[PDB]
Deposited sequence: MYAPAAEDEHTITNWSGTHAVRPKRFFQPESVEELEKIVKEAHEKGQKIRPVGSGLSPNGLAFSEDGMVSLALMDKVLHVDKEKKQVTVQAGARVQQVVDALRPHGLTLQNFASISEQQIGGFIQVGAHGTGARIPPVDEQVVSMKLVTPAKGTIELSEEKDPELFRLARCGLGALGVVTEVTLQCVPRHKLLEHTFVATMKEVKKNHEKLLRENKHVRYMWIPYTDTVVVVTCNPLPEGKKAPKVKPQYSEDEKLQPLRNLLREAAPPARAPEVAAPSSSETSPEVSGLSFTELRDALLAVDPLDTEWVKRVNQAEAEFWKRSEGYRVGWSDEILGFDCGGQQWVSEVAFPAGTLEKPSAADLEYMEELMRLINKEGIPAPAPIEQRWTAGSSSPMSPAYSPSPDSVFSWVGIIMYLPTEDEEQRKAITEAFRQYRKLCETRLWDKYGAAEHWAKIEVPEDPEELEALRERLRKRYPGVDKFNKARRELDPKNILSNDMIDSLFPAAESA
């Protein structure tokens, strides 16, 4: 009944103790007493991380009841919000103030604490991950009680703690640098690899938001651009290629959304590469029939409800600077498509490619000493289309092998770092040792992160098995 499960049902936990304080004073008392008794209190937001980063069998603390907007600074365009607020609640609260977030990370149901603590991101070559939106914060620490951090109050600890994986304190309050509320024009169109390469450098720098959806085993890339705003196909015709392909396989089809159609297609034979080729070809035809323009407020256009169950792996890797472009982002995709074909991986769509500016947070996968660094983020996916336990098991193993080939063939070469909400802990002790050392190479600040953990959480009450495994 009080099992906590993630979005895709890949991780679940029943914590022995579950705390949901209604005030800072109540939280301060929970942290002091947990510290005195040496009892685990892993901070949890919405609990939606694909890897169950927030999960603990021992103890979890939720700030969901502490979700108020405390202050809007009209002149500085800043909001101070309790960390238990969902992104959606902040968006709704900012609407009458004419403000919005600089960027979004797909789902509006995540909490502000969970959003910043993993270094979540959207797309936009000139826009950093969301940990860089943080101007100041308050943190309840086991060692020092409630502390305030900002560029003016212990900047070094601030830049660690704001992207701190819940390991440095319970965030109570965050001040975010907002931008004016604004409409975006979203353009969806298809291109080949060749057309993408031709326009790529200029497209990234001349469009506020650019995202590619690569369709494996096709030469279709779906390009989506969004910019501030100063033959039409029916839904039935857009879905026709997927509906026709599903009728061809041994079986109301007409009731299914696009995402339910892709799931029902993949469910036929999810690990058969020749079948996945046909599913991906049908999906490419859907996207060709989906070219066009939408207009909406930035939160509506940049936000997605998603909905499927899936395995995801996303890596950040450097792709030069605004002034000195790098080809590493297109070269990565070239090698990844070659790897999928060469190895016969039943890779469904999309392989999602996004861009951020660098972050000054040392634990950001997109950490850079340069503010105008550009990072490419590449997400691979396999869907879990049914609750069939044997099929889920087979796809889980296929995804592990798919990710492992990217890790061994590409990640070190490109300096790729895994998203903190998507990274899985290996069980093999040699692979775990190897990952711990890889994290020290990918993250210059790992030793300083552990130093801050010893300083703020000496009895290690904020860390779960995952944190202990990655950062011994």
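Residues of the deposited sequence that lack C-alpha coordinates fall in the stretches 1-8, 239-247, 269-285, 507-511.
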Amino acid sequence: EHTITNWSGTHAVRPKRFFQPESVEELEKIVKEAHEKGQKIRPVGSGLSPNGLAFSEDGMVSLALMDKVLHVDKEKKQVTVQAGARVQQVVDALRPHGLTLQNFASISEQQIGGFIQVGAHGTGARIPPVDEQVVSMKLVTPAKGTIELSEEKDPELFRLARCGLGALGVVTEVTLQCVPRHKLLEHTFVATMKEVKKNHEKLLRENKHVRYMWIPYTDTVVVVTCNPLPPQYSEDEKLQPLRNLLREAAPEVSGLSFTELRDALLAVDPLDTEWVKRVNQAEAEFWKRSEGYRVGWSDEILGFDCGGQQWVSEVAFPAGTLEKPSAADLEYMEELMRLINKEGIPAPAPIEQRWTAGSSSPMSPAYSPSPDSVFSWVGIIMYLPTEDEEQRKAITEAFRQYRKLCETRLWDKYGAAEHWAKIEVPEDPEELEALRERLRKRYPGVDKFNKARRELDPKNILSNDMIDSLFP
From here on, numbers count along this sequence of modelled residues.
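Higher average CA B factor: 390-398, of the stretches 111-119 and 390-398. When the mean C-alpha temperature factors of 164-172 and 255-263 are read from the deposited coordinates, 255-263 comes out higher.
In the deposited coordinates, the residue among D67, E424, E418, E437 with the greatest CA B-factor is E437. Highest CA B-factor among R95, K238, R354, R86, as stated in the entry: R95. The entry lists a Cα temperature factor for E274 that places it in the middle third of the chain's modelled residues. Among all modelled residues in this chain, the alpha-carbon of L204 has a temperature factor (C-alpha) in the middle third. Among all modelled residues in its chain, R338 ranks in the highest third by Cα B-factor. Compared with the other modelled residues of the chain, the Cα B-factor recorded for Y443 ranks in the highest third. Ranked within its chain, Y367 lands in the lowest third, by CA B factor from the PDB record.
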